[PDB]
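J.: coordinates only, sequence not included:
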């Protein structure tokens, strides 16, 4: 048995923190709340490979 | 008959005296303290009630609204000095406006 | 006295006598004067320690009321406890507004 | 359910009637007056107790109440209350 | 004439904590005023709360909650702890 | 041509309306849940009735209107109308806190 | 060449001197004369003790210095160094008068 | 192990500064007026 | 009920409160300062309130308890619990 | 007679320097004098009230310290 | 070195200093402050560390171990 943490919502901004791949600050926004998260550069590469933009859930 | 009637005092001298006796104030109480206390409370209550009734009647009312009480104590500078920290229930605030904001 | 065996400096007997003659209640407890004397020990020790520390910091064996006033002032606990209390000939704290320089 | 409570309803009502037999009273204002008279009473009473405590006098008399009123009530109401109470004391003692 | 003070009491308290510095006469008056001021403050507060529970007896718990309420949290808790320890040792 | 009042005109009439009225300006349920949650941390298992809440409400808004009034006085002393942070800071400092 | 200090520089050093001093700034004779004048226009043929005068002047200088930092804070709020009448009036009004 | 996603508050967080923190407990106060005025005036 | 309740006071409530206080122009930072001071006042009152309640051996805090908690601070609220 | 003016202006500047203020306006001195007059009148009212209550022709230290304590300034030290 | 950590402060580069960092590790017997010379600052910022937890620091290897 294990517990998992799940984040979802509408994207408001993509701000890279930039030798090395910098982290990215994401503006995940749901209908009942809003918060900003810092992502691992591997996750940054993965999300940029999804070709997402502002306003994409 | 009670001493209040023969002294023409509305407030109870006996009740004030017994409150003083069990009010842990002094083991020895003279007979002048209760009558003096009843007289001063009667005067203060009469003045307050008259002012409150004036504040009620100037507002087209025959009953003393607590707001009327608030105005009644507030216009008098002396009553304001007497109670500079009390909060009166359902009183609101004086209709004071500043002259600087007026266009 | 009972204070000596209880580790008390101020006497419980005088406190109990004052409470009896203080016109508070016809019934006075037994452990209440002991508790009150203990708490008075507490605050007296705190204030004396603070005054002594203030005197030592000024390199003076004498304890000027300025030392005691500072002892009140730097510990905000005492200023909340003693906000309207004025100390005689204690002066004022060295306070200067930054914008005034 | 309830044994008994003390209120100044009677004397307040006769005060209102002898000064204005035309104005009604609201219950909230009535509670406000009750609190006001209670406050004034206990203030004066505790002041008189400590006032007997100043000069180490074990007796509380009308003089103590008089000077307490003069000290806590401002000059106007102080003189008014002490005059009224003193006159009341003289006629009450004259009644005997 | 005879007159009462806490001179020797706080004096040997000071000697207990620091038997190297003294306290002056005006300091004596300051300390005396401080002690009887808090004494009468706690006394009247305790009288008020004891009489307000429709009880005419003041016990250790009454003055205990009095000091708990007047003093801030840290002084309140420390004074309550030391006082209850002293009273339990006494009885 | 829509009819729009110039800014500040309606402010005087809201002030006039509110100064003659003495009703509570805070919604009951948010205040009571605020009181419940702040009493939670001190000690659990609280109990509040219909009374013992309006008293807190009234004391609170009386204190707040007094604070706003002397904040207005301080802002007027600053030769301006709009209130600001330091106004309420020095009002609190001067009033005894 | 003459050695004249810039205006206000002597103010800092006199502030430093006065802050470390706990002595009273009022001479005994004028204060006693004023108190006796209050007695004279207050009650005829009054006597004063050697004591009961230190408390007067002490409470007065405490009140005066307190009101002075209140008015200093009010003045520095006004974005100016010099005090004025509105500063002291506002301080008195906010303190509880 | 390492947390890939961390909650970050924009106005609070700053990569420039990293700060973390945890008889009567009373701090030490210097009562020397000379030291206090030296700190104030320098 | 037990989390994130301080923001229960709303912007129109503060606007009405200031209008009662006589202000016609409201800044953009006043709201959470007045919220913080309101919270401070509430905790200061409620601490003595619960002290009175528990020392009286009562499971509920009543209007009398709070009114005479306010009495000791000079508030001396009139009306309820006179 | 006219002994209120005994408080000289440099004295007022001295208590101002106690409060850490550089410049002082002209009206400040007489306004402070009026505040002085009011404060001493208010204190002496209750002071002499207790004095005549104590049937004494001379004031006492305890009288004035207790009268001020009634107001709530809590003077410490002399007459403690 | 190891023990409970109670204080960690880290600052950005200024002309006065490239990196200033102070941390306080408290043990049962000891509680002192060390000076962080850049590299250990980067190592400590690599993984989130909160005061009050037992950690072990290997000076030679320069790695961080949380106990």
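T.: Yep, that arrived. Numbers count the residues shown, from 1 in each chain, chains lettered A, B, ... in the order given.

J.: close to chain J, is stretch D:37-50?
T.: No - counting by Cβ under 8 Å from any Cβ of the partner chain, chain J is not contacted by stretch D:37-50; separation bottoms out at 8.5 Å. Every C-beta, even on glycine, is put in place using the N, C-alpha and C of the backbone.

J.: run the chain-centre distance for that stretch.
T.: Averaged C-alpha coordinates place stretch D:37-50 at 9 Å from its chain's average position (Cα atoms, centre = their mean, to the nearest Å).

J.: same check, this time on stretch D:71-90
T.: 11 Å.

J.: that stretch vs chain B: in contact?
T.: Yes - under the criterion of Cβ under 8 Å from any Cβ, stretch D:71-90 makes contact with chain B via D:73-74, D:76-77, D:80-81, D:84-85, D:88-89.

J.: out of those, what pair is the most spread apart?
T.: D:74 and D:89 (22.1 Å; Cβ to Cβ).

J.: more crowded one of those two?
T.: residue D:89 (21 against 12; other Cβ atoms under 10 Å in any protein chain shown).

J.: for chain K, what lies in contact range of chain G?
T.: So chain K never meets chain G (Cβ under 8 Å from any Cβ).

J.: find the closest residue to chain I in chain K.
T.: residue K:50 (21.7 Å; Cβ to the nearest Cβ).

J.: can you check chain F too?
T.: For chain F, Cβ to the nearest Cβ, closest residue to chain I: residue F:68, 2.4 Å.

J.: re the thing from before, quick one: the residue of chain K closest to chain I is in a helix?
T.: No - using DSSP: H, G, I helix; E, B strand; the rest coil, the assignment for residue K:50 is coil, not a helix.

J.: what's the closest non-adjacent residue to it?
T.: Nearest residue to residue K:50, sequence neighbours excluded (Cβ to Cβ, 6 or more residues apart in numbering or on different chains): residue H:20, at 5.7 Å.

J.: what is the one you found paired to in the beta sheet?
T.: residue K:8 (DSSP bridges).

J.: so what's the residue count around it?
T.: Around residue H:20 there are 17 residues (other Cβ under 10 Å).

J.: hang on, it packs against residue K:45?
T.: No - the pair residue H:20 and residue K:45 fails to qualify as a contact (Cβ atoms under 8 Å) at a distance of 10.8 Å.

J.: thinking again about what came up before, neighbours of the residue of chain K closest to chain I, how many?
T.: 12.

J.: and it, how close does it get to residue K:4?
T.: Applying Cβ to Cβ, to the nearest Å, the value for residue K:50 to residue K:4 is 11 Å.

J.: residues contacting the residue lying closest to residue K:59 once chain neighbours are set aside?
T.: Leaving aside its chain neighbours, residue K:59 sits nearest to residue K:1 (7.1 Å; criterion: Cβ to Cβ, 6+ apart). Residue K:1 makes contacts with K:25, K:56-57, K:59, as judged by Cβ atoms under 8 Å, 6 or more residues apart in numbering or on different chains.

J.: same check, this time on residue B:2
T.: B:12-14.

J.: what's the answer for residue K:56, then?
T.: K:1-2, K:64-67.

J.: can you list which of the residues you listed are found in strands?
T.: K:2, K:64-66 (DSSP state E).

J.: from these, which is closest to chain D?
T.: The closest of these, once distances to chain D are taken by Cβ to the nearest Cβ, is residue K:66, at 61.9 Å.

J.: next, the residue nearest to the closest one when sequence neighbours are not counted: secondary structure please.
T.: Using Cβ to Cβ, 6+ apart and skipping residues adjacent in sequence, the residue nearest residue K:66 is residue K:55, 4.9 Å away. Using three-state DSSP, the structure places residue K:55 in strand.

J.: which ones are touching residue K:55?
T.: Residue K:55 sits in contact with K:2-3, K:5, K:25, K:49, K:64-67, where contact means Cβ under 8 Å, 6+ apart.

J.: among those, which ones are buried?
T.: Applying 16 or more other Cβ atoms under 10 Å in any protein chain shown to those, the neighbour count classes K:3, K:5, K:25, K:49 as buried.
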